[PDB]
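Next one to model:
(2 chains, ligands or ions: 2)
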There are 2 protein chains.
Amino acid sequence: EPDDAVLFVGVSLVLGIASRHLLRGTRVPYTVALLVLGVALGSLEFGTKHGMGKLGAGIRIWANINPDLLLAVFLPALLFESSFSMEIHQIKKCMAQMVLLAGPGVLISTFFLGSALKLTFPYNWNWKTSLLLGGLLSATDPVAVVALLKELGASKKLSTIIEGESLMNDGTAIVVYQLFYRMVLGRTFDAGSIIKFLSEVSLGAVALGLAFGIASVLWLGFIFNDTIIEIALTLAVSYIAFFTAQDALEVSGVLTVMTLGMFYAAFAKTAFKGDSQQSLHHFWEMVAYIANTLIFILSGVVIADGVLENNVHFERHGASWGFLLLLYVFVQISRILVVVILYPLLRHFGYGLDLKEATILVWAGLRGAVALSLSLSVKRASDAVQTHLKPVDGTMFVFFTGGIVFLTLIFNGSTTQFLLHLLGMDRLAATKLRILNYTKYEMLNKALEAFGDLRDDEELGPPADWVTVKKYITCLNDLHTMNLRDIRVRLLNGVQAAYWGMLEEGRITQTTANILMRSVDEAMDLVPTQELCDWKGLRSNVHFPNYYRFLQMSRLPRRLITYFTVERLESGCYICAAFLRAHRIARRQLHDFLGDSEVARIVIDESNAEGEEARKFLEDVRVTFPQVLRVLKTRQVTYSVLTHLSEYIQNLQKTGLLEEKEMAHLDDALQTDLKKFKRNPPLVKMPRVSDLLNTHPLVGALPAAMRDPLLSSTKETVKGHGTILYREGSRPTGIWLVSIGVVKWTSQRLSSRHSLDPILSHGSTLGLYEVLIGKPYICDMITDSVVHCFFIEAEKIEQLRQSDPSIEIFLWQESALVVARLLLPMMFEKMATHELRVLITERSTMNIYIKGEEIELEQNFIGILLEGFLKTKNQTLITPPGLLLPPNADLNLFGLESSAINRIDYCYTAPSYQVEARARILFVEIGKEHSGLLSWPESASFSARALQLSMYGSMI
Amino acid sequence: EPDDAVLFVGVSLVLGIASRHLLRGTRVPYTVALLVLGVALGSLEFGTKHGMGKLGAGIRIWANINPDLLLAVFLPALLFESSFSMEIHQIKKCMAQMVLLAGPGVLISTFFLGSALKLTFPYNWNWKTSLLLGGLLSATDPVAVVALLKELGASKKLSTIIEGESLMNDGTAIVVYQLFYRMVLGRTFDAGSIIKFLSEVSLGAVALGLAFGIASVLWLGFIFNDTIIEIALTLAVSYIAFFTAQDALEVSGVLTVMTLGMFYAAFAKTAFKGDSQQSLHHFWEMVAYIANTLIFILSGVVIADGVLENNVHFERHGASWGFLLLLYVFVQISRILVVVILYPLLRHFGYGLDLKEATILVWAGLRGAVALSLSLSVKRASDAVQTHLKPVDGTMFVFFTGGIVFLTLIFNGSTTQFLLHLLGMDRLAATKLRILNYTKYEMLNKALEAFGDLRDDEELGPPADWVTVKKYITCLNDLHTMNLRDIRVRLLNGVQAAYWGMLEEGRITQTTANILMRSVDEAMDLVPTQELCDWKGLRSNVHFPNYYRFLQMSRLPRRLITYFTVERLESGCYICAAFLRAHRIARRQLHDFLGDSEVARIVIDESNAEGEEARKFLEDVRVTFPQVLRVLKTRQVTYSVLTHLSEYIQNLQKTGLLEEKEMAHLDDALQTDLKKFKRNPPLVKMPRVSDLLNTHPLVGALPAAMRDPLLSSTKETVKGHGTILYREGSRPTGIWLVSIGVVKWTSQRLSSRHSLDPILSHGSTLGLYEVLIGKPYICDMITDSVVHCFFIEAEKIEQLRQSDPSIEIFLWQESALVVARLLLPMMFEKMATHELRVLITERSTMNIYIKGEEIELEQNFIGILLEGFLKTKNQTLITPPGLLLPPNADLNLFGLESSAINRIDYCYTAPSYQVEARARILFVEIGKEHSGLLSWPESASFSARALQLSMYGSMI
Ligand SMILES: CCCCCCCCCCCCCC(=O)OC[C@H](COP(=O)(O)OCCN)OC(=O)CCCCCCCCCCCCC
Ligand SMILES: CCCCCCCCCCCCCC(=O)OC[C@H](COP(=O)(O)OCCN)OC(=O)CCCCCCCCCCCCC
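Residues are numbered from 1 along each chain as shown, chains lettered A, B, ... in the order given. Ligands and ions are numbered 1, 2, ... in the order given. I have put the structure below:
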């Protein structure tokens, strides 16, 4: 006969499925239908003489479940998913408010509801039974409210508040119930006794949870490439922790399971694989679904059993059916009182709480399966021979808690969306409409591209038209007046597009991307009145390391001192770096889109002024801990490489070109590398002087000979912020090889109207064009941050130009880069180093013309007169720093616009030119994903070795 | 006290984890360590007076498990994963051999081993107990052998044979055990009775399995976007089916669970989501892992309990410890005899079986958890008050089966790799080394590209060198003499690269890709002696539809007649289409790589002769069922679009730009579309005549006016294979607008030396250049398959050219496409329609020169003299079909090589040209993933509307 038990479980699941399939889209949850079906099954089995057969025998086997086994089997499953799948950052920033709703809230609710049950209900309960039942009804449901918020559509702050309030409240309400239930059994009490009991239970639960989490994370760290082992470890450790807490030490078990779930959620990236992240969550969601369905089917059956057994709780008199509604009203009043009493505190702590998101927090008081489990446990413990707990009192408890569980879900849970819509919320911001429409546009473009690519076929013929194929896909079924308000939104849209691109290209993880996107989203609401403010959200993540107090303090192993400083500074450095990249890209895109307009310039100035705090924190990390940034960048590049290789290996397995052994070996190696990286990330040594000089394109690409001379008598120098390298006008006495840092260039005669970032990064050569032409410097360069630089005097460069006829052309190709980034900043500033180097050294043509020849720029060619005096009628003398444009070229398209704001005399538009001295000209030819969000509605050879050294660290 | 039970489970899992973590890499499995730990726990609990506490109490609770509950709980979990995760195509093509090892094999083993136990063992067993124990030892383990093959590295044929033999054998050996066990209880028997029992059990099991599978697939079909529901449905249905079979109808339960698993594996794509495919498998692997660990821990405990209880099976006398080895020898001899008796049959049925892969099939006789479960069930059924089965006999059975389970895994399972290496197998083919090295090269390239892209940073500085970052990633740690043998391998490598590209670009699913890759792999072994033979593997998949007999037969609903014909022809049409695309791409790539060489030409001819069977089956589908190909192509394009949109939506969720409600809606719509497509794929109507004419680029891009004239008096014509459109030399009387089909062009004076496919697909215009120049046709075009074509007489085209000055240039741009695909086939034949159209209509320059002007081809420009008589010294007269090359151009790089094999007189290399009549010239400028596998070691305006109509079905 025990086999029938299995049947029950099976059958229950089926019912669950049905209830979760038909009652979808409708607002009433399916757990109410589950409870009704359970009551029906229990009544059929226990009331009718024939009842059921081979299934009723499986219901009875379950209706007599042990009071302790029930909890030990069903509570860890119910709680581990809710505790494990929760954002740590959000609650950590909101943890102040949740402490007020967890401790004081549960205390107030428990004592009110229980004091009301003692003074009103007629069952002659003493002051322990009533407050026992009051401790039950103070336990929310982390799954019911999770589903409600899934189908609700409220702001994220309120969602996080409710989702945490419920889980933290569940830990506290279970503790109080444990206390009052132990007291109901007969044990005496006292102030000291109550204090010791509460302290022991509460704190030992968390201690055991943290111990088990630490021991099982330390173990998981060494499990390379096997997901079944990790899932089984989580399961076994959760259940062992619950058994050890609730049944070995006599501490709270729900608290231990919650602490374990949270300790796992905090260390998910470090311990579990990246591909086993969606399988783990799905396994635990399946476990939690089974647990809820089984408990809701079981609780109905047990309620029906008790009712039919005693017969004093149904049709005996309307007393019970009225006192149930009275208890519901009391629960509502208790929640209202808790909220109204903690409002003066919940208003200005963590997140705000105005009348709206406080009237929506009082309604979402859904009861779930934890209260039902506790009621079933109490009823089962009473069904035995217990002088203290009578059987009628146990079924009085199974009846009231299940009755309150049904009325709360049908009324509060169904009318939580109607109320949220009535209050005024649930309306799109009208600034997310643009993002939605742009995403729909980008989806339509992807679909069009795929269709167009897959159309040519000689065998299967052509497909149907594009419209006939779009009618099937319903994912695409339906979709200068500029004020200071809209441009501040276009800039934030550009920032969002930059964040999107950075995460897609692998430059930032998904956690950092989510943090930055949340910051931008919370900032796009204050733009209608306040200036651009995106730095608020990240200011709490960019706290200068509190570790710095302790690096000043002495810790014995430098592994600990270097390891912990690179782990408190790791998130802030990445966030400020990404904030300052996204903002620099957004400024450039906005300048390109809205041209030069007074409002666009003011918004750009707002962004420039906003970036100052991040710039200063980055400057402070560079001087206080010099080796942190290099380690962080190396880790970033290594993680990007590993992610790309992982994506490539996963695509190879689908095809079947490689056998099981070889691909299993490939995958094993890749996963071992990924886990060894995420567990003990590598630390990069410091770079030697003579090493940096060899990674610099100019000095690195030179031959072994004629290089010992340049490197000898070259001393690296570390210059601080604001130091002047060379002033404009002074004679050309050097070239400064910037290998680490940034240098900002300023000029008095060069257009600084279209230059939004006059900075030259590492691997650059400053002052070479000027030492080649032998003339005074054309700009005043000043360091922008800490810069490691080398200075080679002019003589050495002259000797090197005199050495080989091919190290004269190399020097010129290397100086043309800086000359073109300086003269024409509107074209050659948005370009990356690789692209500009390719276009200026490979696809650009450097010609030398003898005296007398004629130069006629074809309409498509712009040219920079690198060297030599060129002549033209009425304009005989022309200085070498110079730009030759097509006679009819539109300046406004290249900058150079001669205006009162910026004077331009280094550009020439003439019919033809005639060489006056031996000239050297450079001719260049003229006429990225998600960047359209901003303005959507309106729209070998030395050169190859240098390019290698500039792309990769060393020549390959 | 029941709570302790939970502990046991938990603890067991931990042990499992440990045993599965330490005993990795080593050859001895971990289940033996599991059994040893279980024996240790059982001996500690039952032998010592103190034993254990709060855990031993949980062991006893388990050691007294019900004999039926044990099976009902543990067998479905053990069997559903093995039955569900199995290739259907492989076993279906090998199912002949598995029937011989399943029925006759189990019968022979059972009767031998059981006849030997009766004649040798001294326990005075009767002829039912001995053959009961003999029915146990005939049940293999689908999980032990699965893991063994995972860690073995043998061919795929032997792997599939063993993996199926074990699962099919498990279904048959359980049936026999059920029979003999029911007989041991006391029931009488007879020939008729035995026959009825066997038939009822065996067939009713499969019937119930198929019924449950059908009912649960029909249900799953309507579950849109929820994975938990699908996993819970599989679980609940599996357990309900097992309970209904084993405990309600008295039929075999393992057979029902196996039938259900197979019915699910056959309908995995149609019922389950694409993202819930890795979570379902992982959930069921977790269930199976728990089941194995629990059973192996439980069986050890029960063996120890029985031994310590009776004390006649350990140290009573060496009789037991010797008869155990004797029974092991008997099992080995029984397997050897089965194989030696079925060899004459297993040799030439399905897959072959030579001495090697038959000596490796005799060694892989691992016993697992099914035999242990049956032994535990028998011992438990005996432990009760049973006059038939004594307790000593039950523990004699738990001891022997567990003892045989341990000796088989330690000896056979550990020395199955040593034997496979000794026999000679386990050596790479030396033709997979090239693919492995090329994959390593492509991984290194991806890593280099990612590193180079992620290097420029103004904030975080530069990373370390490339070598310092590659030292961390260990996935990259380590890596004209041409005969008819190697070129036949390069062609197959090109075919493999084409298959890889087609699956990546979404043109074929993963099942078709695996089929084709398996065919190519099995074919690359016969090339050393036999010609190119890839069509063998697919000839069994390309069977002309057996449905055609039934389309001749009358089925009442055309939904059924059209639906079933598009489902028997669906896989063969896709396979032949992909075979003929991959082979056409491989031929082209090989001709490009090895130039014109006698061996390369012979290999190309071999491939051309091999493609004939697929070409003919495709021709037969086009005439017998005309609307099938259009429906298949529309489904292909729609599935590619949906896959691309799904990938795009999954990437959007990671960023957090869109709220929970909007993305949940997007994902819901996408998943609903995907499931409605995979469940009821759409059928495309037939194309109307006046519709096709409007999708043709030339006639479609014309304005509404001057189009009514062309379309009027135009009658579509369907011409069959080999029909002649127009012969070379005849006066130009028409233009044929090919909109569906293919036309092959042949010439007598045009080079057919570098043209590997002279075919023009749909949406092409033939005979327009000739009606424009008013001269005889320049090639003889003949249909290549069934072709739907329209004929507009010459007058109409002349009227249309006279109509507008901009519909003269459009006609010329449209004729230049065919002229350039015809004259210079080495450049303009590998190009897709989109690329060639862009390059010839947008990036190519058509100029008209007046009489007398001079033409000087710049060194980088090739030019086609579309119209007019051009002159040059000593070469006054030059006909318009003509090609002008740079005076120093290398013909061998463009074809045109004047040689005895192919004569060329339409190409001219001269210093300069002088117009003799008003000339019209066209100038073109001169100087893809995984295609390097072959030769790896050695290396608006009318035009825009036409391009739109050619890319997408209609103008957008
Ligand atoms: C969702 C994840 C759950 C993980 C489960 C962890 C392992 C569970 C271990 C099962 C323990 C078995 C309990 C047992 O031995 O049955 C005894 C119990 C009745 O015990 P008695 O009433 O005789 O106790 C005497 C005083 N009351 O039996 C009864 O009469 C009631 C039957 C209780 C069945 C409990 C089964 C566990 C839930 C199974 C669902 C799993 C779904 C995958
Ligand atoms: C891996 C997927 C498994 C899916 C499980 C499906 C639901 C399982 C339903 C559990 C049924 C509970 C059985 C029960 O009521 O306990 C009784 C049994 C002992 O029964 P008695 O010996 O008293 O029977 C009288 C005559 N022999 O109890 C005992 O003394 C032995 C204890 C048996 C425990 C069985 C628990 C199931 C396995 C739990 C593991 C799940 C892991 C997630």
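
How much space separates the closest residue to residue A:689 other than its chain neighbours from residue A:696?
Counting by CB to CB, 6 or more residues apart in numbering or on different chains, residue A:689 lies nearest to residue A:716, which is 4.8 Å off, once chain neighbours are set aside. In short, each C-beta sits where N, CA and C put it, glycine included. If you measure residue A:716 against residue A:696 using CB to CB, to the nearest Å, the figure is 11 Å.

now do residue A:171
Spatial separation of residue A:171 from residue A:696 under the definition CB to CB is 59 Å.

Stretch A:269-284: how far from the chain's middle?
Its chain's C-alpha centre lies 17 Å from the corresponding centre of stretch A:269-284 when counted by CA atoms, centre = their mean, to the nearest Å.

Spell out which residues of chain A are next to ligand 1.
Selection of chain A residues close to ligand 1 by CB under 6 Å from any ligand atom yields A:5, A:9, A:61-62, A:64-66, A:69, A:73, A:77, A:287, A:290-291.

quick one on the thing from earlier: which one's more surrounded, residue A:716 and residue A:696?
For residue A:716 and residue A:696, the more surrounded residue by other CB atoms under 10 Å in any protein chain shown is residue A:696, and the numbers stand at 21 against 17.

from the stretch 51-200 of chain A, which residue is nearest to ligand 2?
residue A:61 (5.1 Å; CB to the nearest ligand atom).

in what helix or strand does that residue lie?
When secondary structure is defined using DSSP states H and E, the element that contains residue A:61 is helix A:56-63.

Please say whether there is contact between whichever helix or strand comes after that helix and chain B.
Helices and strands here follow DSSP H and E; after helix A:56-63, the next one along the chain is helix A:67-84. Yes. Contact of helix A:67-84 with chain B (CB under 8 Å from any CB of the partner chain) involves A:68-69, A:72-73.

Find the closest residue to ligand 2 in the stretch 401-550 of chain A.
Here the residue of the stretch 401-550 of chain A nearest ligand 2 is residue A:402; by CB to the nearest ligand atom that distance is 23.0 Å.

returning to that earlier point: give the buried subset of the residues of chain A next to ligand 1 as a PyMOL selection command.
A single PyMOL command is used to select the members of those judged buried by 16 or more other CB atoms under 10 Å in any protein chain shown:
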select buried, chain A and resi 5+9+61+62+65+66+69+73+77+287+290+291
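
In JSON lines: the residues of chain A next to ligand 1, plus distance to residue A:742.
Converted to JSON lines, those look like this (distance: CB to CB, whole Å):
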{"residue": "A:5", "distance to residue A:742": "71"}
{"residue": "A:9", "distance to residue A:742": "66"}
{"residue": "A:61", "distance to residue A:742": "74"}
{"residue": "A:62", "distance to residue A:742": "71"}
{"residue": "A:64", "distance to residue A:742": "75"}
{"residue": "A:65", "distance to residue A:742": "69"}
{"residue": "A:66", "distance to residue A:742": "70"}
{"residue": "A:69", "distance to residue A:742": "66"}
{"residue": "A:73", "distance to residue A:742": "61"}
{"residue": "A:77", "distance to residue A:742": "55"}
{"residue": "A:287", "distance to residue A:742": "53"}
{"residue": "A:290", "distance to residue A:742": "58"}
{"residue": "A:291", "distance to residue A:742": "57"}
